[PDB]
Every structure is written in structure tokens, then in C-alpha cells.
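Residue numbers (the authors' numbering), protein chains in the order written: chain A, 2 to 54, 58 to 134; chain B, 209 to 260; chain C, 2 to 250; chain D, 311 to 331; chain E, 311 to 331; chain F, 2 to 104; chain G, 2 to 52. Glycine included, every Cβ here is placed at the ideal spot set by N, Cα and C. For reference, the structure is listed below as C-alpha cells.
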Amino acid sequence: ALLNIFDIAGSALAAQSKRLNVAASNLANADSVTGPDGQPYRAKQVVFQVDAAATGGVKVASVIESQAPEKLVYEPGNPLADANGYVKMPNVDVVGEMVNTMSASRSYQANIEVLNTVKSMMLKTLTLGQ
Amino acid sequence: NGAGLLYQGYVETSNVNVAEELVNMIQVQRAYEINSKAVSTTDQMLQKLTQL
Amino acid sequence: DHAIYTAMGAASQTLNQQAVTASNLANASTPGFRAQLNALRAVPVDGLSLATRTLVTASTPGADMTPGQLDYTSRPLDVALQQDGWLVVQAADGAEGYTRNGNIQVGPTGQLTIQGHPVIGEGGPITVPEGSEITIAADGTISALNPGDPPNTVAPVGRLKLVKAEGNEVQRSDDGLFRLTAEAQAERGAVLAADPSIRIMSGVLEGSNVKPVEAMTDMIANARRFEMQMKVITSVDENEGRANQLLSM
Amino acid sequence: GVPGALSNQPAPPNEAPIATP
Amino acid sequence: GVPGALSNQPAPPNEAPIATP
Amino acid sequence: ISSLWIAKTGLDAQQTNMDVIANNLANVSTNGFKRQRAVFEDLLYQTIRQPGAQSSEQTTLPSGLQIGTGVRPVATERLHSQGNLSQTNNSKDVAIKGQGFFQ
Amino acid sequence: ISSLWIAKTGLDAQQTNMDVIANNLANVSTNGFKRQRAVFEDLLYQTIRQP
């Protein structure tokens, strides 16, 4: 339709923003513990999928918790300590989150450049309708 | 059948030598810094491409 | 108008070369690793008029067989080769490959093996007694001593097979195990023959031959080249866009 | 023929090989 | 349903409980 | 870009190696402790262009290329060597020679 | 990446020398003990061919 380009770019921007927000939240909760109701904090990731309308935009179905084992730290003085006196610290890969943020920023800038070019082309298109 | 002997009153200490650990630490730090520079230069390349 | 294609091809090949350099730098501590050399290659387009467009495609020669440095671990079954020695081990597909990763291990059933793959010697893979302590000679002899047994019963139980490849005729396979090139294997047989002029050293292990100065210089050069190509791209694009208005009235 | 002129025979295809045999 | 679509009713208000009630 | 996801693996391998070194240094006084040593492996290589003709009455270098994939920590071995003996004079301490473990 | 491992090997050799010296000094009164001395030797030399 020559106008689904805007939809594709907007979906890409929204997905990149979601992924960046997830990475930022993980970085903020890198060294947290004992969230609500006492359950240990676990990191989360996002999964990108394409919308087969062929070629289509990107979407994020749901946020998936990481299955990597939590860090078990010996500290009996914490009420969260089990019979072995261990507390469950969250699994956060700082380098992984930095790389994810870098990738999200680069994809966002590429998509905004594509939007700029297509907007210029579409503005120039209407000059022939007179 | 290949079993060892027992000495009473003696305890076997850890078989850790610290010189190798320190050298490995130095090498690990240097490799980490060089990989960080690789990440930085690739990010710079991507930024310059996106600023087209 | 097509200079944009040459510039973008140069940029893409610069990115490929950067990826190769990053791969070499990442595994700078794996034992017995060989660096991946790379150099840009020119391909000229031509015919019937003014041959000016010459494209660039990155390429990687075999490797640099400069021996890695040796560190002393005092482990009885660590082997370090000569200038251009190799240990031959059968691969996953059943064919034989060459390596320099001297970190030998012994399984629960007396099976000697480098990481993943068993080691071959006289005949098939060599096997040692069930729990015998192993000592490696300077020429490839595997002496075994059964625990508890008095020391005067050390017995040779096999021999490593060592080959000699100079380096210009070996190419890295898809799993990191080197193999002879087509002409080299044609002129020297499918399977190499053991030679005595190769000596090993027990207790020391070989690292990797990656040159940090070379890596940094390549990174700087690639960065500058990619930025220059990007500037050429944007200049050509702006020129074409400005010139596109001639068709108007 | 000189560049930019007219001709009666099509130009030969462009190959640009990586390495000659 | 899908974010960014059109709905006839507002979403419930957001809250971030520090501790569970 | 593959460079980022390769350097990420490099950083992860370096971090795990540093963790192993720190663990070895932490229990420098633990009785009967065997030191750790981490060994890595390079991932499988990805080929793009096969090499062409060679030694065709010319001295050209090969033309093929193949990009790497990164490094992964493949194994961690404990050096089951013999340690020193510390005298404690306690009547209920046992030091074992050779190889063996108490069940 | 070049002199680090060489110096590590040198430190290891000196540590072994110190260990054998300490063992010799420890049993200065043990009856029938024999003094021990270690012998060193350099590792493999790499070669760089000239054009």
C-alpha cells in the first residue's frame, strides 16, 4: 500500500523500545533481592517475531523469564536463607545488557533514518497529483 | 591396590600456587580491556553508519 | 552512479575483516589456537570501455603457524610440539585432522583423547591400562605404571603419531581441525606418515599466537577505511539527488 | 566505438572474476 | 488485545506495591 | 552485527575465567583442596567462499574466507596432585598419600 | 602475552629451587639423609626464517 512502511517502522521502534526498557530494568535490578512476597527476582528477556500478513513488521509476544540458575550466596543472617543458609541473588549479565542496549540504540537510529527517507519520498510523490 | 598411606595428626593443604594466579589475573584483565576496545570500535562504526 | 556500489562493497568487506579480527581476539586464551590471517583482495570489472570500477572482496589466507608460547603446568600428560609439529586425531566424521592442543585427557576406560576427539597412533586410537599413570616421552612413547605396583614395572603401551606440516598447505576445517589441501594431499598421500625428527616436551602447554599490536592496528585501519567509504557514499547520494532534478521543466 | 555513441552490436557481458584459473 | 489498537474502555490504573497487602 | 555477539562471548569467557581464578584464590587455606583450571574452545567456523585454483603456474595466495563464531568455556579440570602436609598435633587428623578418598 | 609466560616459568623454576633448598635445610639432623640439588634447562626455541 506504500503506507505499510510507516506501520513496519513504528512496530520496529516499539519493539526496540520494549527491549531497551527490559534491559534497563534488569540493570536496575542487577543486585536486588527479596521482591514482593519474598520471591527472588529473576531476569527477563524478550522474543521478537515477524507478522506474516511474506514480509511484515516485528512484534514481541511476551516477556520470558531466564532459566539460567540463580546465584546461591551463603548468608544465614537473612530470613530468606533456606536450610543450607543460602539466598537467591538474581542472574544479570552486565556485558549482555550493555550489548543489548547498544544494539537497540543502533536499530532505533537505523529505523528512524529509514522513516526520514521514506517520508521525504512520500512528500515528493504528491507533486504529480496536480 | 594403589591405595595410599595414612599419617596421623597431619592435614593435607590446598595445592594452590599464587604466582600462576596473579599472572592469569593480569592476562585476563588485559584481554578484557582489548575486547572492550573491540566492542567500542564496532559501536563507533555502527554509529557512523547510522548517521549516514 | 554505481560508485555507491563499490563503496558499500568496500564497507561490507571492512566489516567482515573486523569480524575476523574480533574472532581472533576473543579466543586469545584457548590452548593451541592458530590466528586467522586476512587481507583485502581486489577484483577489477572490465570490458569494452574504460575499466575503472574495481571492487574489493575480503579474503583470509590459511593461518600463521608461528608457535604459541609455552607455560609450565607440571602436569605429566601435557605436550608441546616443535616449530611445526602436529598431533593427529580422528574427527567426528571419522576422518583425521591435525591440532596442537596438547591438553590430553584419559577417560574412565583407559581411552586417551584430546578434547572431544580420541588420539590415534600405531593403528587405531591408543588405549592404556584402566588406571595406570601415564608419562609421555620426548619422542612420543607412552609409559604406563600400574598404581601400587613397584616402580620397576613401567611399560611402554603405545606411541603417538606425529606428522610434520610446514603450514602453507594446511587449511582450517569447519570444526577448527586442520587438514591438508587438495594438491598437498594428492602429492603426499591421503594419510601422512610418522617421522622421528619431531620431539615433544612433557609438562608444558602451548597457548595461542595472536598479536595484540597487529589486532589494534587492523582495528584502527578498518575504522578509518569504513568511515571514509561512508563519506563517499553520502557524497555520491547527495550529488545524485541534487542532479536528479534535470528532468523537470 | 567512442563512449556515449551509437553501435549495432551489444556489449559483451561483464565477469569480474575473483581469481583467474 | 494487541498494543496500539483501539479499545472502548480504559485500562485499570497502575500501581507498584512496595510490599504485598 | 556479528562483531558484537562475538565480543560478548569473549567477555563472558574472560569473566568466567576471572571467577575461577578468584575462587581458587579464596580457598588458599582450605584443607585438602585441589585447584581449578578452566579450558575453552573456539566455536565452529562459518565458510563463505571456497578457495579457488592454486599453484596454477603462479604464486598467488589462497582466496577463501571463513568467519569465526567466538569462544565458549568447554571444561574445568581439578588438578588432583599431591599437596603439602601441615602438622596439627591433633590425635584425630589423617593425611592420605597417593590417590584415595574416604567414603 | 609474550614475556608474561616466560617470566611465569622463571618464577616457577625459582620457586622449585626454593622448595628444594627448604627441604634440604629442614632435615639438617635426620640420620642418613642425602642433600638434593635440582638442575634446570631451557624450553624449545622458536625459529624465524630469513628471506
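Practice task
Could you name each continuous beta strand (DSSP E) segment of 3 residues or more that falls completely within the region 67-104 of chain F, going from the start of the chain to the end?
Solution key: As far as the region 67-104 of chain F is concerned, its whole beta strand (DSSP E) runs of at least 3 residues are 72-79, 86-88 and 95-97.
Handout entry: Contact set for residue 80 (chain F): own chain, Cβ-Cβ below 7 angstroms, skip 5 residues either direction
Key = Within the same chain, Cβ atoms closer than 7 angstroms to the Cβ of residue 80 (chain F) are found at 35, 36 and 38, the five residues on either side in sequence being excluded.
Exercise for the section: Over the uninterrupted alpha helix (DSSP H) stretch that includes residue 9 (chain G), give me the two end residues. Expected result: Run containing residue 9 (chain G): 4-27, per the alpha helix (DSSP H) assignment.
Practice task
For residue 106 (chain A), go through chain F and note every residue whose CB falls closer than 9 angstroms to its CB, in chain order.
Solution key: 5, listed in chain order.
Exercise for the section: Below 8 angstroms on the Cβ atoms is my guess for residue 152 (chain C) versus residue 142 (chain C); work out the distance and round it to an integer in Å. Expected result: Contact flag wrong, Cβ pair sits at about 17 angstroms.
Practice task
Spatial neighbours of residue 226 (chain C) within its chain, please: CB distance less than 6 angstroms, with the 5 preceding and 5 following residues excluded, ordered by chain position.
Solution key: Only 15 meet the Cβ criterion.
Problem - Contact residues within the region 98-128 of chain A, judged by C-beta distance below 7 angstroms to chain B - result: Answer in chain order: 106, 110, 113, 114 and 117.
Problem - Touching by the beta-carbon criterion (3+ pairs, under 8 angstroms), the region 4-12 of chain F and the region 63-78 of chain F - result: The region 4-12 of chain F is in contact with the region 63-78 of chain F.
Handout entry: Contact set between residue 47 (chain G) and chain C, taken where Cβ atoms lie within less than 8 angstroms
Key = What residue 47 (chain G) touches in chain C: 67, 68 and 84.
Problem - DSSP three-state assignment for residue 213 (chain C), whether helix, strand or coil - result: The answer is helix: DSSP assigns residue 213 (chain C) an H, G or I state.
Handout entry: Sub-9 angstroms separation of residue 84 (chain C) and residue 68 (chain C) beta-carbons
Key = Taking 9 angstroms as the Cβ cut-off, residue 84 (chain C) and residue 68 (chain C) qualify as a contacting pair.
Practice task
Using a threshold of 9 angstroms, state whether the C-beta atoms of residue 62 (chain C) and residue 28 (chain C) are closer than that.
Solution key: Not in contact: residue 62 (chain C) and residue 28 (chain C) (Cβ atoms no closer than 9 angstroms).
Handout entry: Under 9 angstroms between C-beta atoms of residue 66 (chain F) and residue 59 (chain C)
Key = Yes; because the gap between Cβ atoms is below 9 angstroms, this pair is in contact.
Problem - Per-residue DSSP class, three states only, for residue 37 (chain F) - result: Residue 37 (chain F): strand per DSSP, three-state reduction.
Practice task
Starting from residue 57 (chain A), follow the beta strand (DSSP E) in both directions and report where the run begins and ends.
Solution key: Missing here is residue 57 (chain A): after 54, the next number in chain A is 58.
Problem - Endpoints, beta strand (DSSP E) assigned at residue 46 (chain F) - result: That residue, residue 46 (chain F), is in no beta strand (DSSP E); it is neither H nor E in DSSP.
Practice task
Can you give me the Cβ contacts of residue 63 (chain F) inside the same chain, cut-off strictly under 8 angstroms, excluding the 5 residues immediately before and after it?
Solution key: Hits under 8 angstroms: 52, 53 and 55.
Problem - Coarse secondary structure for residue 72 (chain C), derived from DSSP in three states - result: Three-state DSSP puts residue 72 (chain C) in a strand.
Handout entry: Near-chain G residues of the region 232-255 of chain B (beta-carbon distance less than 7 angstroms), N- to C-terminal order
Key = Flagged, chain order: 234 and 235.
Practice task
Please report how far the alpha carbon of residue 324 (chain D) lies from the alpha carbon of residue 5 (chain C), in whole angstroms.
Solution key: So the two alpha carbons sit approximately 18 angstroms from each other.
Practice task
Give the straight-line distance between the Cα atoms of residue 68 (chain A) and residue 27 (chain F), rounded to the nearest whole angstrom.
Solution key: Near 35 angstroms, if we compare the C-alpha coordinates of residue 27 (chain F) and residue 68 (chain A).
Exercise for the section: Answer yes or no: does any C-beta atom of chain C fall closer than 9 angstroms to that of residue 27 (chain F)? Expected result: No, because no Cβ of chain C sits closer than 9 angstroms to the Cβ of residue 27 (chain F).
Handout entry: C-beta atoms of residue 11 (chain C) and residue 57 (chain C) nearer than 9 angstroms
Key = Yes.
Problem - Local conformation of residue 233 (chain C) per DSSP, three classes - result: Correct three-state label for residue 233 (chain C): helix.
Problem - Expected contact under 8 angstroms - CB spacing of residue 44 (chain C) and residue 321 (chain D) to nearest Å - result: So it is not a contact: roughly 19 angstroms between Cβ atoms.
Handout entry: Assigned secondary structure, residue 143 (chain C) (DSSP; H/G/I helix, E/B strand, else coil)
Key = Three-state DSSP puts residue 143 (chain C) in a strand.
Exercise for the section: Mind checking who residue 49 (chain A) pairs with in its DSSP beta bridge? Expected result: For residue 49 (chain A), which the question treats as bridged, DSSP gives the partners A:64.
Problem - residue 16 (chain C) at chain B interface by Cβ criterion, 9 angstroms - result: Residue 16 (chain C) counts as touching chain B.
Exercise for the section: Following the continuous beta strand (DSSP E) through residue 214 (chain B), name the residue where it begins and the one where it ends. Expected result: In the DSSP assignment, residue 214 (chain B) falls within the beta strand (DSSP E) that extends over 214-216.
Handout entry: Run of the alpha helix (DSSP H) containing residue 238 (chain B), from where it starts to where it stops
Key = If you look at residue 238 (chain B), you'll find it in the alpha helix (DSSP H) that goes 226-258.
Practice task
Tell me whether residue 8 (chain A) sits in a helix, a strand or coil according to DSSP, three-state version.
Solution key: Correct three-state label for residue 8 (chain A): helix.
Practice task
Excluding the 5 residues preceding and the 5 following residue 98 (chain A) in the sequence, name in chain order all residues of the same chain whose CB lies nearer than 8 angstroms to its CB.
Solution key: Once the five neighbours on either side are set aside, the close Cβ partners of residue 98 (chain A) are 28 and 31.
Exercise for the section: Using beta-carbon positions only, say whether residue 34 (chain C) and residue 99 (chain C) come within less than 9 angstroms of one another. Expected result: No.
Problem - Of the residues F:100, F:98 and F:89, the one placed nearest residue 218 (chain B), counting alpha carbons only - result: Of the listed residues, the one whose Cα sits closest to residue 218 (chain B) is F:89.
Exercise for the section: Confirm, please, whether the CB-CB distance from residue 250 (chain B) to residue 2 (chain F) is below 9 angstroms. Expected result: Cβ atoms of residue 2 (chain F) and residue 250 (chain B): closer than 9 angstroms.
Problem - Cα-Cα separation, residue 248 (chain C) to residue 131 (chain A) - result: Going by the C-alpha atoms only, they are around 14 angstroms apart.
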